[PDB]
Each structure stands twice: as C-alpha cells, then as structure tokens.
Amino acid sequence: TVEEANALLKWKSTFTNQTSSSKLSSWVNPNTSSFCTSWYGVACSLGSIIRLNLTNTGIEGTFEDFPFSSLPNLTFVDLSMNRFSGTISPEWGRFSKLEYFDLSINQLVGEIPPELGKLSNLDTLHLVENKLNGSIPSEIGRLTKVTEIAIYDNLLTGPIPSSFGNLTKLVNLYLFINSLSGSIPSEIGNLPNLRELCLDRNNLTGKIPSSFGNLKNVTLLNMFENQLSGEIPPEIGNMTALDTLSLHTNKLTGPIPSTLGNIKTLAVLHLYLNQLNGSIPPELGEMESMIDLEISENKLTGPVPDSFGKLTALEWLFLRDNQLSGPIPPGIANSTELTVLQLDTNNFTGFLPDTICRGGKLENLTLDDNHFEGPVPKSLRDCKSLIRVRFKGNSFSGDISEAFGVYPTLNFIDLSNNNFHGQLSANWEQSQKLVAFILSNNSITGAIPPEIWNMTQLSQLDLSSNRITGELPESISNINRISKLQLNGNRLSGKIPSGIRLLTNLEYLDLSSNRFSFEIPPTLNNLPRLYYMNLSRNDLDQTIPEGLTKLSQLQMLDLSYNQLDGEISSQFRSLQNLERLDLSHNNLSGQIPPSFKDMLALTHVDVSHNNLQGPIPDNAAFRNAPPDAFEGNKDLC
Amino acid sequence: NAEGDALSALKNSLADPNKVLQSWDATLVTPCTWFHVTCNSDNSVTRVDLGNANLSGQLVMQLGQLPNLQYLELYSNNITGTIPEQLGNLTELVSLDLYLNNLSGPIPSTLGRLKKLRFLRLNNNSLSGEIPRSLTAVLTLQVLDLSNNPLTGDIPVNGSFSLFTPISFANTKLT
Amino acid sequence: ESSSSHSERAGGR
Ligand SMILES: *[C@@H]1O[C@H](CO[C@@H]2O[C@@H](C)[C@@H](O)[C@@H](O)[C@@H]2O)[C@@H](O[C@@H]2O[C@H](CO)[C@@H](O)[C@H](O)[C@H]2NC(C)=O)[C@H](O[C@@H]2O[C@@H](C)[C@@H](O)[C@@H](O)[C@@H]2O)[C@H]1NC(C)=O
Ligand SMILES: *[C@@H]1O[C@H](CO)[C@@H](O[C@@H]2O[C@H](CO)[C@@H](O[C@@H]3O[C@H](CO)[C@@H](O)[C@H](O)[C@@H]3O)[C@H](O)[C@H]2NC(C)=O)[C@H](O)[C@H]1NC(C)=O
Ligand SMILES: *[C@@H]1O[C@H](CO[C@@H]2O[C@@H](C)[C@@H](O)[C@@H](O)[C@@H]2O)[C@@H](O[C@@H]2O[C@H](CO)[C@@H](O)[C@H](O)[C@H]2NC(C)=O)[C@H](O)[C@H]1NC(C)=O
Ligand SMILES: *[C@@H]1O[C@H](CO)[C@@H](O[C@@H]2O[C@H](CO)[C@@H](O)[C@H](O)[C@H]2NC(C)=O)[C@H](O)[C@H]1NC(C)=O
Ligand SMILES: *[C@@H]1O[C@H](CO)[C@@H](O[C@@H]2O[C@H](CO)[C@@H](O)[C@H](O)[C@H]2NC(C)=O)[C@H](O)[C@H]1NC(C)=O
Ligand SMILES: *[C@@H]1O[C@H](CO)[C@@H](O[C@@H]2O[C@H](CO)[C@@H](O)[C@H](O)[C@H]2NC(C)=O)[C@H](O)[C@H]1NC(C)=O
Ligand SMILES: *[C@@H]1O[C@H](CO)[C@@H](O[C@@H]2O[C@H](CO)[C@@H](O)[C@H](O)[C@H]2NC(C)=O)[C@H](O)[C@H]1NC(C)=O
Ligand SMILES: *[C@@H]1O[C@H](CO)[C@@H](O)[C@H](O)[C@H]1NC(C)=O
Ligand SMILES: *[C@@H]1O[C@H](CO)[C@@H](O)[C@H](O)[C@H]1NC(C)=O
Ligand SMILES: *[C@@H]1O[C@H](CO)[C@@H](O)[C@H](O)[C@H]1NC(C)=O
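### A word on the overall build of chain B
Within chain B, the regular secondary structure consists of one helix and nine strands. Order of helices (α) and strands (β) in chain B, N terminus to C terminus: α-β-β-β-β-β-β-β-β-β. With respect to the principal axes defined by its C-alpha atoms, chain B has extents near 50 × 30 × 20 Å. With 175 residues in all, chain B has 57% of them scored as buried. Partitioning the intrachain contacts of chain B with sequence separation of at least 6 by distance along the chain shows that 48% fall at a separation of at least 24. About 7600 Å² of surface is accessible on chain B, with carbon and sulfur atoms providing 49% of the total.

### Structural notes on the pattern of salt bridges
Where side chains of opposite charge bring their charged atoms close, a pairing between them can arise. Enumeration according to the criterion identifies 17 salt bridges over all chains in this entry. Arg 94 of chain A serves as the salt-bridge partner of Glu 91 of chain A, at 3.8 Å between the closest nitrogen and oxygen. Overall, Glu 91 of chain A belongs to the partly exposed group, its relative accessible area being 35%. Members of the salt-bridge network, linked through shared partners, are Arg 320, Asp 344, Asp 368, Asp 369, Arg 390 and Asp 414 of chain A together with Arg 13 of chain C.

### What to know about the pairing of strand β32 (residues 419-422) of chain A
Residues and elements named next belong to chain A. Burial of the side chains of β32 is restricted to one face: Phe 420 and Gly 422 are buried, whereas none of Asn 419 and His 421 on the reverse face is. Where strand β30 (residues 395-399) lies against β32, three bridges are found, and the strand directions are parallel. The partner of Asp 399 across the bridge, within β32, is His 421. As defined by bridge partners, β32 adjoins strand β34 (residues 443-444) across two bridges and the pair is classed as parallel. Note that in β34 the partner of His 421 across the bridge is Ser 443.

### Details of the sheet that holds strand β44 (residues 587-591) of chain A
Residue and element names in this part refer to chain A. What the three strands build is an open sheet, ordered β42-β44-β46; its pairing is parallel. The open sheet has two edge strands with one neighbour each: β42 (565-567) and β46 (611-613). For this sheet, the mean inter-axis angle between neighbouring strands, taken without regard to orientation, is 15°. Where β44 lies against β46, three bridges are found, and the strand directions are parallel. In the sheet register, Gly 590 faces β46, and the bridge partner there is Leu 612.

### Looking at the state of the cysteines
All names here are of chain A. What the rule picks out here adds up to three disulfides over all chains. Each sulfur in the disulfide pair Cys 36 and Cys 44 lies 2.0 Å from the other. Taking the torsion about the S-S bond as the criterion, the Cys 36 to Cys 44 disulfide, at about -85°, is left-handed. By relative accessible area, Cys 44 is classed as partly exposed at 22%. When the bonded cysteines of chain A are counted from the start of the sequence, the pairing works out to 1-2, 3-4.

### A word on the site of ligand 5
Residues and elements named next belong to chain A. Around ligand 5, the neighbouring residues are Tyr 40, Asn 53 and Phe 76. Take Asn 53: an N or O atom from its side chain is 2.4 Å from an oxygen atom of ligand 5. Protein chains bury 25% of the 570 Å² of accessible surface belonging to ligand 5 in isolation.

### Details of the nonpolar core
Counting 179 residues, the largest nonpolar core has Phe 66, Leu 79, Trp 92, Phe 101, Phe 391, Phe 404 and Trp 428 of chain A as the members making the most contacts within it. Looking at this core, the elements that each hand over two or more residues are α1 (2-13), α2 (32-38), β2 (48-53), α4 (400-403) and α5 (620-623) of chain A. Of all the elements, α1 of chain A adds the most residues to this core, at three residues. Ignoring any residue separated from it by four or fewer positions in sequence, one finds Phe 404 of chain A in contact with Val 376, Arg 381, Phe 391, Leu 415, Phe 420, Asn 427 and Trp 428 of chain A. Listed in part, the 47 residues of the second largest apolar core include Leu 7, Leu 114, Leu 120 and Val 138 of chain B.

### With respect to the environment of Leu 146 of chain B
Residues and elements named next belong to chain B. In this structure, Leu 146 sits in the segment after β9 (143-145). Placed 24 residues apart in sequence, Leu 146 and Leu 122 show a C-alpha to C-alpha distance of 5.3 Å. The contact partners of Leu 146, leaving out residues within four places of it in the chain, are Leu 120, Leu 122, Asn 123, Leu 127, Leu 151, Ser 168 and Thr 172.

### Observations concerning the UniProt feature "short sequence motif: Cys pair" in chain B
Per the UniProt entry, the sites bearing "short sequence motif: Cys pair" are residues 32-39 of chain B in this numbering. End C-alpha atoms of residues 32-39 of chain B are separated by 6 Å, and the span's content is 0% helix alongside 38% strand.

### Concerning helix α1 (residues 2-13) of chain B
All names here are of chain B. Counted at 1.5 Å a residue, the expected span for α1 with its 12 residues is 16 Å, and the 17 Å between its end C-alpha atoms agrees. Taken together, the buried positions of α1 are occupied by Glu 3, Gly 4, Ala 6, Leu 7, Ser 8 and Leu 10. Packing partners of the buried residues in α1 comprise β1 (14-15), β2 (37-39) and β3 (45-49). N-capping of α1 is provided by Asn 1, with a side-chain oxygen placed 3.0 Å from the backbone N of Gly 4.

Rules used throughout
- Residues numbered from 1 in each chain as written, not as in the entry; some residues may be left out.
- Chains lettered and ligands numbered in written order.
- Heavy atoms only, no water.
- Helix = DSSP H or I, 4+ residues; strand = E, 2+ residues; numbered from the N terminus.
- Buried < 20%, exposed > 50% of the residue type's maximum accessible area, 1.4 Å probe, protein only.
- Contact = heavy atoms within 4.5 Å.
- Areas by Shrake-Rupley, 256 points an atom, 1.4 Å probe, with all protein chains shown as cover.
- Salt bridge = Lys/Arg side-chain N within 4 Å of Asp/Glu carboxyl O.
- Pairing = 2+ DSSP bridges.
- Axes fitted to C-alpha atoms, helices over the stretch in contact; angles between N-to-C directions.
- Disulfide = S-S within 2.5 Å.
- Near = heavy atom within 4 Å.
- Polar contact = N/O pair within 3.5 Å; in protein donor to acceptor, adjacent residues only side chain to side chain.
- Core = buried A, V, L, I, M, F, W, Y, C linked by side-chain atoms within 4.5 Å.
- UniProt positions renumbered as here; feature names shortened; annotations may be inferred.
- Expected span 1.5 Å × (residues − 1).

The following block contains the structure:
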C-alpha cells in the first residue's frame, strides 16, 4: 500500500499542465487509511490496489514513470480519454492478474509489444483511437481468455495474425479503422463464440475465407471498404445467425451466392460498390428478415426475380447503377414498409407496377436513364409520402395533370426527358415543401398556373423545352428564394415582368427561345448573384437598358436574335467579370464603344447581322473572333 | 462520392444562418443536384457560386478534391481563418474569388500550380505576407487584385505582372 | 471504449 501509493504519487508527479481542480487532489496520504478508500480512481483488495480507473481525468503525461514493478495485483486498468503520449511499454505484460486493459482515446504511438500476449488472464483489450503503427504481434493469439479485442482507429499494418484462431473465447473483434494488409486468416472462421467481426476500412486483399461458414454464432460481419477479391464464398449461407452483412466498397467479382437465402435472420445486406456480375438469384426472395437490400453500383444483369414479393419487411431496395433489364415484377413494391426504391442507371423496360406505393410509405423513388413507358400508376398518384421522385430519361406518357396527385412532403422531383402531355395542374402549389421542380423536355402545353408563384420555397424551376404558352405575371416576384429559373424554349409571350427585379437570390436566368415581345425592363439592376442571363430568340424591341450594366457579376449575357435597336451603351465596360457577349441578329446602330478594349475577362463576342460601323476596339476577344463574328454589318472598319 | 464528401466537409465548417447550404444532402451519389453547385456532363463539380451568402466559418482543405472545379465563388462573406495550400490541387481552374472576407494568414505559394487561372481577387481582407514568385509563372492571369490588405515587400514584376496597374496593388502597404 | 461499425447506406440520385 505505502509502497504502491508512494509509487503512484511519484508517477503523478510526472503529469504536466495539471490544474489544482483535478480529481487527483485526493492523492495525499499514502497510508492505507486513506489510500484504499479516499484516493480517487483506486480500489483495493486485501489492502492492495487491484483497480485503477482514471477514465476522462484530463491527465497529461506518459507511461514512462508508471510503477510497473510496484503494482503486482492490478487486474482492472482503464486509462482512457486522457492526454497520455508515448509508447506502450512491454512492462504492461508484467501484470499477471490483469483482466481489463483500456488505453483508448489517447496520443500513444509506436508498436504493440508482444509482451501483451503474456497477459494470460486478460478478458478485454482496448487500445482504441490511438496512432499505434506496426503489425499486430503473433503473440496476441496467446490471450486464450480474451473475449473482446478493440484496436480500431489506429495505424496498424501487416496481416491479421493467423494465431488468432487460438482465441477461442473471442466474441467481439474490432479492428476496422487501420491499414491491415494481406488475406484474412482462414483460422478466423473457426472461432466458435465469435459474434461480431468488424474488419472494415482496411487494406485487406485476397478472397473471403470459405471457413467463414463455420461461424454459426456471428451476427455482425463488417468488412466493407477493403480490397477483397474473388467471389463471395457460397458457404457464407451457412452463417445462419447473421444479422448484418456488409462487403460494400470492395473488388469482389462473380455472381451473388444463391445460398444467401438460407440466412433467415439477415436484415441488412450491403453488397454495393463492387464488380459482381450475372443475374440476381431468385433465392434472394427467401431472405425473410431482409430490411435493407443494397446491390447498387455493380455489373449485375438479367431481370429482377418475382420472388422479391416475398420480402414482406423490405424498406430500402438499392439496385441502381447496374445492367439489369426486362420488366419490373409487381412483387418489387409488394412491401408496405418500402420507403426507398432506387433504380436509376439501368436498362429496364415496360410499365410501372400498380403496387408501387401500396403501403403508402414510399419516400424516395428513382428511375433515371431507363426505357420505362406507359402511364403513372394510380397508386403513385395517391401516394402522399413522396419526398424525392426521379423519372428522368424515359418514355413515360399521360396527362401531366391527370398523372400526379398532391404531395405535401414532396421535396425534389425531376420528370425531364419524357413524353408527358397536357397542362400543369395547380395541385403543385400544395407541395409547399417543394424546392426543385424540374420538368424539362416534355410535351406539356398550356400556361403556367398562377399558383406556382405562390410556391415561395422554390429554389430551382425548370420548365424548359416545352410548349408552355401565356405570359409571365408580375407575381413572378413571389418566388424570391429562387436561384435557377429555366423557362427557355417555350411559347411564352407578352413582356418580361419587372418583378424579376425582386428575385435577388437568382443565379441563372434562361428565358430564351420564347415569344417575349416588348422592351427589356429598365429596372433590372439589382441581381447581385446573377452570372448567367440568356434572353435570345425573342422579340424585344428597343434599346438595351443601362441598368443591365449595373449587374456586376454576369459571366454570360446572350441578347441575340431579337429586334433590339439603338447604340451599344459604353457603360458595359463596368461588367468586369463578363466572359461572353452575343448581340447578333439585331438592329443595333452606332459604333462599337472603343472602351471595350479594357474588358480583360471577355473572350467570346458575336456582333454579326447588325447595323454598326467603325473600327473595333482591340482586346483579346475581338482578335480571335472568326469572320462569322462580324457578318452582315454596315461599315465596320 | 468523393467530390460530394469533400463539399460536405465545407458544409460542416461553415455557420449557415441563411440556410443557403440546406440542399447539400450528403447521402446523394454526387452533389450535382445541389443548389449553388453546377457539374459538367461527367458529373464532376465545376462551379461553386457561394457569393453573398452570409456564410461565417473557416475554409476547409478538402477544397482541393475538386479536380474539374473551374469557378470558386466564396466572395462577400464573413469567413475567417487561413487559405489552405491544398487549393493548388485544382488542376483545372479559372476563377478564385475570395474577396470581401475576414481571411488572414499568408497567400499559399501552391497557387502557382493553377496554370489555368485567369482571375484572382482577394481584396478587402486581413491577408498578410508577400506575393509569391510562383504567381508570376501562370502566364494566363488576366485580372489580379490584392487591395485593402496589409502585405509587405516589393511588387514582383517577374514577367506576367508587367501588364498590371497599381490599382491591383493599392492600399497594400507593399512599398 | 468499444462500439461496432455501422455500414452506411449507399448513395442515391
Ligand atoms: C512508428 O512510428 C514511430 C513514430 O514516428 C513518428 O510518430 C509521430 C510522432 C509522427 O510524427 C509520425 O509522422 C512519425 O512517423 C517511429 O519511430 C520514430 O521514427 C523516427 C524516424 O522515422 C525517429 O526520428 C523517432 O525517434 C522514432 N521514435 C520512436 C519513439 O521510435 C517508428 O519507427 C520507424 O520504423 C522503422 C521501421 C523505419 O520506418 C523508421 O522510419 C522509423 O524508425 C514507426 N514504426 C514503424 C513504421 O514500423
Ligand atoms: C429519402 O429522402 C432523402 C434522400 O436524400 C433523405 O432525406 C434527407 O436525409 C438526410 C440524412 O438524414 C437529412 O440530413 C440530416 O439532417 C439532420 C437535421 O434534420 C442532420 O442532423 C443530419 O446531420 C443530416 O444533415 C436531410 O435532412 C433529409 N432531407 C430531407 C428533406 O428529407 C432521406 O434520408 C431518405 N430516406 C431514406 C434514405 O430512407
Ligand atoms: C396567392 O396567395 C395570396 C396570399 O397568400 C395566401 O393568402 C391566403 C389565401 C392564405 O393562404 C395565406 O396564408 C397566404 O399568405 C393570395 O392573395 C390573398 O387571397 C386572400 C383570399 O383568401 C385574400 O383575402 C387576400 O386579400 C389576398 N391578398 C393578400 C395580400 O393576402 C392569392 O389569391 C394567391 N394566388 C392564387 C392564384 O391562389
Ligand atoms: C498483492 O500483492 C502481494 C505481493 O505479490 C501479494 O502477497 C503475496 O501473495 C501470494 C499469494 O496470493 C503469496 O504466495 C506471496 O508469498 C505473497 N507475497 C508477499 C510479499 O506478501 C498479495 O497476496 C496480493 N493481494 C491480492 C489481494 O492479490
Ligand atoms: C470507471 O469510471 C467510469 C467513470 O468515471 C465509470 O463509468 C460509469 O459507469 C456507470 C455504470 O456502468 C454508468 O452508469 C456511468 O454512466 C459511467 N460514467 C461515465 C461513462 O462517465 C465506470 O463504471 C468505472 N468502472 C469501474 C470498474 O469502477
Ligand atoms: C405480393 O402480395 C402478397 C404478399 O403479401 C402475396 O399474395 C398473398 O398474400 C397473402 C397475405 O395474407 C399470403 O398469405 C399469401 O400466401 C400470398 N400468396 C401466395 C401465393 O403466397 C403475393 O404472392 C405477393 N407476390 C406476388 C404478387 O408476386
Ligand atoms: C441561349 O440559348 C440559345 C437557345 O435558346 C442558344 O442558342 C444555341 O446556339 C448554338 C450555337 O450555334 C446552336 O448550336 C444551338 O442550336 C442554339 N440553340 C437553339 C435552341 O437554337 C445560345 O447559345 C444560348 N446562349 C448562351 C450564352 O448560352
Ligand atoms: C455459440 O456460443 C455458445 C456460447 O455458450 C456455445 O455454447 C455454442 O456452442 C456456440 N455455437 C456456435 C459454435 O455457433
Ligand atoms: C454449407 O453450405 C454448402 C453449400 O455451398 C453445403 O454444401 C454444406 O452442406 C453447408 N454446411 C453444412 C454443415 O451443412
Ligand atoms: C429530349 O431530349 C432528347 C435528347 O436530349 C431529344 O431527343 C429531344 O430533345 C427530346 N426528346 C423527346 C422524345 O422529348
């Protein structure tokens, strides 16, 4: 006691940057009459310290003056969450009776001494969240009584010691955040009591040991973010107690093992980000407990099995970024608990099944870049729980106002590159949480419902490449949160509303290829974030307003194919960031202002088909201009 | 992906009172569907338009993970901290607009690797140091501005800076 | 301390 307490008191002297408010103020009297009862963090047995608990004590120092020789009876040591720096001395293995060893969350460096292997009585080993480098010693396999080994979040290298098969009592192996190398020892598959194996986020090469079929007690197998190769061993199906299997972000090849159906407890399967090929085994429909099924970003082929209808508890089905084909079986959306259905980047065909939102809980549906056709199922129209909908790049058809209902929780929708006809329903206004409405390249006619502007939360609106008619109201100001407005390629007519002035958060304006007919608003001088403005192919009929030059941040400004007349104001020199200018196909007269030579950012100009004259100012843009950039003028020197 | 995780690092080191970065959903494959971010046909981020966003915080070294990023607009905010030298990893690059901020520290010499750079505006800041010689080797720099900043040393005309005007170096306390 | 690793969900479009 007195020898132990004085030795601890000497070790405490090593501590640096220690405040008088520390918990170790109780270390005053070395007599057992205060050592074993009033000293914080120590607990004795038969008068001798067996327990040292100094977690989260803010101690700053090293274990160089740790009294190894003075504390024979230590069995519990937890020095985690402190500022200990240095190495792990081999003297740590001298604690014969030690059962619990925790040095996690520290600033330790160096290797793990093999002397830790002679801690025969050790049950738990925690060396977590440190910067220990080197290979795990083979001698760790000597810890026959160990049950949990956690050395993750470190800088460990080399292979896993195949002597780990000798750790029969091990139930929890945590080594994930590290740089372990080489193949997985086959002996690891022969741990009888193992329950959790987390080898993820490493540099592990080679195949997955077929011996893993013997782990009938394992419920968690995390080995993602590795360089594992070969094929998934079919003996994995014998892992009948598996709850979560994650091999994502690997270099696995070959087909999915049909033996995965035998695991009736598997609720999470993450096979994505790999190179598995072939067809989906119909036996995957027999994985009864499956909740999260992710096989995305692969090279799978063939159709989805109709057996997927037997997955009655599925919630996430990730099949995107693959080479699957054929029709969608109605059983895919059989689940009433389905919430996420990602299918983009595939080669599917045919109609959507009427079971699409059977349970009324679908949130995120993704169908981009496919060959779907036919109408939207009535179950999708009435499915109010949608959040993200992505129909982009298909051949969907039907009346756009008859296809979709109301969606109070809708956030993002993209129906671009489809064959939807009809006029826009005013039902979209009730999607008060919508921030991105993108419906470009369709066959939609009619006018924009005035209620669309009462959707104040919109930040991106894209109705481009359609046949929308009518004129934009001065109520356009109601969506001032917008930053991308793409209304180009339509039959919008009338004057451009002056309410565009008040959309100050606007970044990108595209009103081109339309039938706007009167003069540009002279009040458009307050767009401090606009870097794009395309007003080309219209009928604007007067002089360019001076207020346009007050938008300092334009990079591109296209006013081509118009009826603009008058002289090009010299105040365009103020646009210091302007890179592109297109004023072609107009009736602009006068001389090109020679103050344009001072616009260093300008690179591209087109002034063709106009009524200007005089020698052009000399800048980088005018010099490299081809002969097309000056065609059809009057007297350009 | 990689680019989306990189931009997510920025999102966590900035205070966003105006909810500008709200659309930046980390669980998406790419950040190309985010607002204020634009990609090219390859789904690589090429533009970040965060000017006048009332963003306070510190820059992030993950900004060098955007190989195709051409235009970086962080101007007109209350961002503090230093400029991480890792922005020199932006192989393709046109515009660096960091002006009108509260940035401090030196100007990293690693910006000389951005040989495609055309416009660099860092004025109205708290920058301190000297102009690297490396910035004279870009040969593509057209517009330059380091006004309203306490730097030191002489104006390096090493060849490229010969075309520039004292307005680029006004109120700089250089000479 | 000790804790397991959580396989994070895949991405999305
Ligand atoms: C494991 O890492 C030890 C610590 O090196 C440093 O740790 C941090 C402080 C950080 O700065 C990190 O970047 C450094 O790498 C190495 O020991 C140190 O080695 C350096 C020389 O590299 C030496 O100046 C130090 O005195 C020495 N300190 C101690 C306490 O030993 C280990 O040794 C290395 O391993 C050799 C095989 C070789 O690679 C050589 O570079 C080192 O001596 C590192 N062990 C490894 C990498 O196995
Ligand atoms: C289906 O819809 C979208 C698909 O992207 C996902 O919604 C988004 O989920 C993310 C991650 O949870 C949410 O971000 C989080 O916000 C909380 C604060 O509320 C924050 O603490 C987290 O750090 C993170 O930023 C995001 O808010 C949410 N967006 C919306 C509008 O829902 C959703 O997760 C998907 N559901 C699935 C995958 O089942
Ligand atoms: C667009 O909305 C405005 C007003 O916004 C809403 O108005 C109410 C209907 C209610 O939902 C509030 O919470 C919103 O702020 C409409 O203009 C108002 O309409 C009401 C009719 O209930 C009328 O009493 C007001 O005088 C109107 N004006 C104002 C300034 O409130 C407008 O009709 C909506 N446009 C369309 C096409 O529906
Ligand atoms: C604390 O350590 C002391 C010193 O090792 C132990 O005293 C020894 O006890 C063993 C049996 O447990 C005897 O065989 C030795 O002869 C003892 N040596 C001395 C010098 O006394 C003591 O038993 C330990 N106490 C506990 C509770 O483990
Ligand atoms: C060692 O000390 C820590 C904290 O000083 C103890 O952790 C507490 O444990 C109890 C029971 O498990 C919990 O109710 C508390 O919430 C924990 N506090 C924390 C984590 O800050 C730990 O039990 C101690 N161990 C021994 C053997 O005494
Ligand atoms: C999709 O729908 C249901 C799944 O709920 C299946 O139809 C029957 O559902 C009842 C539910 O009480 C079960 O008891 C029956 O066994 C199911 N039928 C059969 C033949 O098993 C349907 O089979 C599922 N799959 C499809 C339509 O492919
Ligand atoms: C503004 O939008 C128009 C289209 O409305 C763009 O015009 C295109 O110009 C290129 C260049 O010759 C042609 O190949 C395309 O056919 C044109 N599109 C159409 C629909 O005719 C114009 O380029 C845009 N301006 C800017 C600066 O982006
Ligand atoms: C699982 O562990 C228990 C612990 O008591 C053991 O009895 C049983 O034999 C083990 N079964 C296997 C090897 O899966
Ligand atoms: C493990 O699965 C294989 C299928 O590849 C099977 O042949 C074998 O019998 C299974 N193991 C046991 C003990 O049944
Ligand atoms: C949609 O875009 C494609 C190519 O982008 C083109 O065929 C046309 O502009 C549109 N096609 C249909 C069918 O809408």
